[PDB]
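One structure is given here, and the rest of the page talks about it.
The chains referred to below are lettered A, B, ... by the order of the sequence lines, with proteins before strands, and numbering in each begins at 1. Heavy atoms only: backbone and side chains are in, while hydrogens, waters and symmetry mates are out.
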Amino acid sequence: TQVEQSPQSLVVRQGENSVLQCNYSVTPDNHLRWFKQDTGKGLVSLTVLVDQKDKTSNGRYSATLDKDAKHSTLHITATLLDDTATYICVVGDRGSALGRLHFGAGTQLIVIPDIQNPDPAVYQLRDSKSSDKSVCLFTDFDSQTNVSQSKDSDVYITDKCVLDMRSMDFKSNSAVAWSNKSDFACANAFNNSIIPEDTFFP
Amino acid sequence: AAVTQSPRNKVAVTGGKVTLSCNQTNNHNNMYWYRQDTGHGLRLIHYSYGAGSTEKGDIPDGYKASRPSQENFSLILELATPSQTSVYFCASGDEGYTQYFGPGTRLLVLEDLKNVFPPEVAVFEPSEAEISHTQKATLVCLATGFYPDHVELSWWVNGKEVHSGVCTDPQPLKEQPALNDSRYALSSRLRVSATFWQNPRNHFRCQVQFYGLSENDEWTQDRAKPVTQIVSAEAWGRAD
Amino acid sequence: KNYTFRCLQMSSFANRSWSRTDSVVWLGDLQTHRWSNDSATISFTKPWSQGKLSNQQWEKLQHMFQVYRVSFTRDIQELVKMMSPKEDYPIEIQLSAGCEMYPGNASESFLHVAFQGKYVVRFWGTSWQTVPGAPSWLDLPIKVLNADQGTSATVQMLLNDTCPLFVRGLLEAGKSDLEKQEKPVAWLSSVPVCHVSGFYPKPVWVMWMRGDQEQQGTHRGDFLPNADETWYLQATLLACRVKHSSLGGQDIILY
Amino acid sequence: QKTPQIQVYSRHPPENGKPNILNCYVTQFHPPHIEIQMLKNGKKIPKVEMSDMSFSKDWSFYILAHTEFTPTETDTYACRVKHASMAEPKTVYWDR
Ligand SMILES: CCCCCCCCCCCCCCCCCCCCCCCCCC(=O)N[C@@H](CO[C@H]1O[C@H](COC(=O)CCc2ccccc2)[C@H](O)[C@H](O)[C@H]1O)[C@H](O)CCCCCCCCCCCCCCC
Ligand SMILES: *[C@@H]1O[C@H](CO)[C@@H](O[C@@H]2O[C@H](CO)[C@@H](O)[C@H](O)[C@H]2NC(C)=O)[C@H](O)[C@H]1NC(C)=O
Ligand SMILES: *[C@@H]1O[C@H](CO)[C@@H](O)[C@H](O)[C@H]1NC(C)=O
Ligand SMILES: *[C@@H]1O[C@H](CO)[C@@H](O)[C@H](O)[C@H]1NC(C)=O
């Protein structure tokens, strides 16, 4: 391919900076655009670089372009959970609609969220309809906690998912477990995982 | 300058005819069709410089384009093959170098539709233990037994969609991972303040938009046709 | 006295796949360069064709023309797609670019484009424009070409700055070949004609005289080129007098 | 579209038995694709040189063909041209 991106993927912690590279062999190189693509969603333009030696800024994003080196850098200053996306580099070979866009395959960025005040606990939630059905919710655990899949096929355990209560600037991690078997209870739900020593079981 | 695509997800069968539509009201002369695959950047299939015109892109084979008007540009897959399983993007532009992209269309081409199933949806109420311990209330939603993974889960509070305090699994689970054409299960959580959940006037709803069979798709099975539908479960707040 | 520098580009588009572009460069009536479709590089046809440019300055400029040749070709092909079915192949595009050098530091630059042998477009000031008589469908191609700010800035720089700079140096380096004198040789013949061949420069006087009185009848033909960069002329209708700068007062009288 | 004009002339004054150069100047044609052959006795001369194709201020194409030749009282010299503007090729004979 004429457009190469590096790294292929990276994992950073909230507040850390991310530096993304793009190198191309596209001739001529009229402009270079950086796109942000959230999983499942579409392409959002972050910036366009047009001059021989160019520099742009858009809030926490900043970029450079050196047409002689046929290279561009994207900087994300103090990364946030919301920066978890694919960053795509595109080189346009004309300054008009007569041009073709040459797309890089992307860089996947994962941002690890800051969990201010952990409170690991496992709660039992009952169905609003039946009553004879429930789920186990492992929540308010720190980022150093890994949730592992169940050793039992009839037991379902989801992965880590972080929600943001934006109004209260509060973030929380959680995994859900369920089963239709009698031998299943919340005290034993996440047994196959390494959960904290403080984990509250009510 | 906006671009719209229809449908959002599509499940088709091998040898079937698929039409992916794109609409723009920007009075843009030029429109473009791309496909996105993992390990690849977007690749041009076909484009159009105006109504009546269609031009072959880099990877045209298996596709036909139609520009019946300035607004609409269609991608026609006359004989769908599983290699055409991809995410399809449409863009438009004027005489300038900017192409305005559409939201996408995930297409899945299957050998047959005999294993398509809508989800079952259940809402699980917050625990009183969580309420007293954290002064917060997490609702959990569970969409089970659906196939394929063409679903959009959303939370609605008093008839308005919410995003704050929401987290949906980035990937679904396989209910029967031994079986090759396994059904999926997806979970989601909505966390509110205890006093918000305490209000019996607050109506919480978990909605799952399923993409399955259309009116035009054939169905010869004893069970109900697994058509594109909304499946949902509700819960009301409580002082308890 | 005044020398016109012109880069003449000839681009043929037979169909969607086939195309060739060939260029020739002239300083007055002397060919300075040739750039065949077959050649990756511009060829010099005079020892002084690089003018006063450095090997590095010549290379940077050549690299620009190489990118331009490939890009122009695809742009014309994309413009034919855009205009279909109104305009189709075969298509001929001729481009004439350069500058005129006047006394002092005076210069006038031009970039004229002909479509199917008819002058339709020019680059004027900061943008492309159509000229009187051009068909109106060319307004969409001109709009698209003018959207390309990068090509416009480059063209403005080449016409306003590069062409005058290069030609001043070229005029210096090529002074001896441009100011060269070549004596015309004349012979008479008539079938039921004054042939004058081998003169340089082009300005010549050929006349049919009845003693001291000139003849109004005499028809001076077109200036026909010789392959050794000299000229040929005919005068039809008694003596043939020819006056050329190389003769220095000693006119040729052929009875 | 545009029909060609052919002009056949000698570089030096002709003299039977003396070697000279015959010129064939093809002008005013469009499209620029053309095929030019110079003949001796109706047979194509092999060492024919072609100048680069160019065009005048009026946008019309031109090209000079030339070959060395030693004229005689019996030898016939011509310039045949094939262009799409003509159904049949145009042959112009050299006349001193
Ligand atoms: C005028 C004469 C000058 C005197 C020099 C004497 C030397 C003698 C040697 C002569 C041999 C050559 C003879 C060939 C004849 C040439 C005729 C003159 C034409 C000069 C045009 C030069 C344009 C240069 C820009 C270029 O290549 N641009 C091309 C690429 O552009 C891209 O890449 C660029 C990328 O461009 C850059 O990076 C340029 C940087 C750069 C680098 C070095 C130097 C300067 C600038 C930039 O990033 C752009 O933004 C980007 O889009 C662009 O595609 C060219 C399009 C031009 C089309 C004009 C034709 C008009 C058509 C009208 C007819 C319509 C018919 C309709 C059909 C249905
Ligand atoms: C190149 O020369 C042209 C003149 O031929 C300049 O064109 C003028 O540009 C200004 C604005 O920059 C306009 O107000 C005038 O109307 C233009 N003149 C014409 C005749 O259109 C041009 O700016 C020069 N460009 C460079 C880069 O030197
Ligand atoms: C395109 O034109 C060339 C030259 O005129 C010709 O030889 C070739 O066969 C043509 N190609 C097609 C696809 O007609
Ligand atoms: C003209 O040159 C280009 C690049 O060198 C080439 O691809 C093309 O085939 C050439 N055209 C002809 C007719 O040879």
Side-chain angles (χ1 to χ4, degrees), chain A residues 119-128 130-141 147 156-168 170-179 186 189-190 200 202, chain B residues 119-127 129-146 151-170 172-173 184-210 230-240:
Chain A
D119 195 359
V122 174
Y123 307 108
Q124 180 177 245
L125 283 67
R126 262 85 182 258
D127 192 0
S128 84
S130 70
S131 91
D132 304 296
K133 264 169 66 206
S134 69
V135 297
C136 298
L137 175 85
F138 178 34
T139 188
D140 303 12
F141 50 89
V147 192
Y156 311 98
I157 306 177
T158 82
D159 193 47
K160 289 182 257 196
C161 197
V162 52
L163 61 84
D164 186 2
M165 306 183 69
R166 310 201 261 281
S167 60
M168 276 156 277
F170 174 87
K171 291 184 169 87
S172 102
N173 276 316
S174 64
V176 184
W178 76 102
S179 189
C186 294
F190 298 87
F200 171 69
Chain B
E120 265 176 39
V121 180
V123 164
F124 298 85
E125 286 180 12
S127 100
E130 184 198 8
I131 294 174
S132 66
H133 196 71
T134 65
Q135 284 302 305
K136 290 179 164 83
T138 306
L139 282 104
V140 167
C141 184
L142 263 185
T144 56
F146 60 98
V151 294
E152 304 179 295
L153 196 155
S154 57
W155 282 99
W156 295 75
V157 169
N158 294 326
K160 292 185 176 188
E161 195 178 351
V162 293
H163 300 277
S164 171
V166 172
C167 203
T168 303
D169 297 332
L173 293 171
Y184 302 99
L186 179 70
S187 91
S188 186
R189 42 249 83 148
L190 164 72
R191 192 173 210 180
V192 296
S193 65
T195 49
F196 192 72
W197 168 260
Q198 242 118 248
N199 189 343
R201 284 272 206 87
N202 285 323
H203 190 217
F204 303 85
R205 189 177 299 267
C206 175
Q207 161 180 302
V208 179
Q209 169 74 243
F210 174 69
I230 291 172
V231 189
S232 89
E234 62 163 53
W236 283 87
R238 44 163 63 172
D240 304 50

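- Atoms CZ and CG, on B:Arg189 and A:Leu137 in that order, are 7.5 Å from each other to the nearest 0.5 Å.
- Here the CG atom belonging to A:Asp140 is positioned 7.0 Å from the OG1 atom belonging to B:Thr138, to the nearest 0.5 angstrom.
- Closest approach of A:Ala175 and A:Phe190 over heavy atoms only: O-CZ, 3.7 Å.
- B:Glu120 CD: 12 or fewer foreign heavy atoms inside a 6.0 Å radius.
- Between the side chain of B:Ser132 and the backbone N or O of B:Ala129 there is at least one donor-acceptor pair closer than 3.5 Å.
- Shown here for B:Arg201 and B:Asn158, the closest heavy-atom pair between the two residues is O-OD1, 3.6 Å.
- At least one side-chain heavy atom of A:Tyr123 sits less than 4.5 Å from a side-chain heavy atom of A:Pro202.
- Side-chain atoms of A:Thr139 and A:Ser174 include no donor-acceptor pair closer than 3.5 Å.
- Of the candidates B:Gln135, B:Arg191, B:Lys136, B:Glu130 forms a side chain to side chain donor-acceptor pair (under 3.5 Å) with just one, namely B:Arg191.
- Considering all non-hydrogen atoms of both residues, B:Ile131 and B:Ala194 come closest at CG2-CB, 3.7 Å.
- Residue A:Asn173 comes nearest to A:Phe141 through the heavy atom pair ND2-O, 3.2 Å, listed as atom of the first residue, atom of the second, then distance.
- Side chains of B:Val157 and B:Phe196 form a contact here, defined as non-hydrogen atoms less than 4.5 Å apart.
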B:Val192 and B:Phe204: CA distance, side-chain angles, deciding distance, side-chain contact (heavy atoms from CB on, under 4.5 Å) verdict = CA-CA 11 Å; B:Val192 296; B:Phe204 303 85; 4.0 Å; yes
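- Shortest non-hydrogen contact noted between B:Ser188 and B:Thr168 is OG-OG1, 2.8 Å.
- To the nearest 0.5 angstrom, B:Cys167 atom SG is 12.0 Å from B:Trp155 atom CH2.
- Between the side chain of A:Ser128 and the backbone N or O of B:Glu234 there is at least one donor-acceptor pair closer than 3.5 Å.
- Looking at A:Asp127, its side chain never comes within 3.5 Å of a backbone N or O of B:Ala122 through a donor-acceptor pair.
- Side-chain contact check for B:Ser154 versus B:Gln207: some heavy-atom pair is nearer than 4.5 Å.
- From A:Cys186, atom SG reaches atom CG of A:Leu125 across 8.5 Å, with rounding to the nearest 0.5 Å.
- Side chains of A:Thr158 and A:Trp178 form a contact here, defined as non-hydrogen atoms less than 4.5 Å apart.
- Contact annotation: the side chain of B:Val121 never approaches that of B:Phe210 to less than 4.5 Å [non-hydrogen atoms, C-beta and beyond].
- Without hydrogens or angle criteria, B:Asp169 side chain to B:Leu186 main chain gives no donor-acceptor distance under 3.5 Å.
- Screening B:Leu139, B:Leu153, B:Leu190 for a side-chain contact (heavy atoms from CB on, under 4.5 Å) involving B:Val166 leaves a single residue, B:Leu190.
- For the atom pair CH2 (B:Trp197) and CD (B:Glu125), the distance works out to 4.0 Å, reported to the nearest 0.5 Å.
- Across every non-hydrogen atom of A:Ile157 and B:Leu173, the tightest pair is O-CD2, 3.5 Å.
- The structure places CZ of B:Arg205 at 10.5 Å from CD1 of B:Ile230, a figure rounded to the nearest 0.5 Å.
- Using a 4.5 Å cut-off on side-chain heavy atoms (C-beta onward), A:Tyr156 and B:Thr144 make no contact.
- Using a 4.5 Å cut-off on side-chain heavy atoms (C-beta onward), B:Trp156 and B:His203 make no contact.
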Between B:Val231 and B:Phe146, is a side-chain contact (heavy atoms from CB on, under 4.5 Å) present by the stated rule, with each step listed?
-> CA-CA 11 Å; B:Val231 189; B:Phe146 60 98; over 6 Å; no
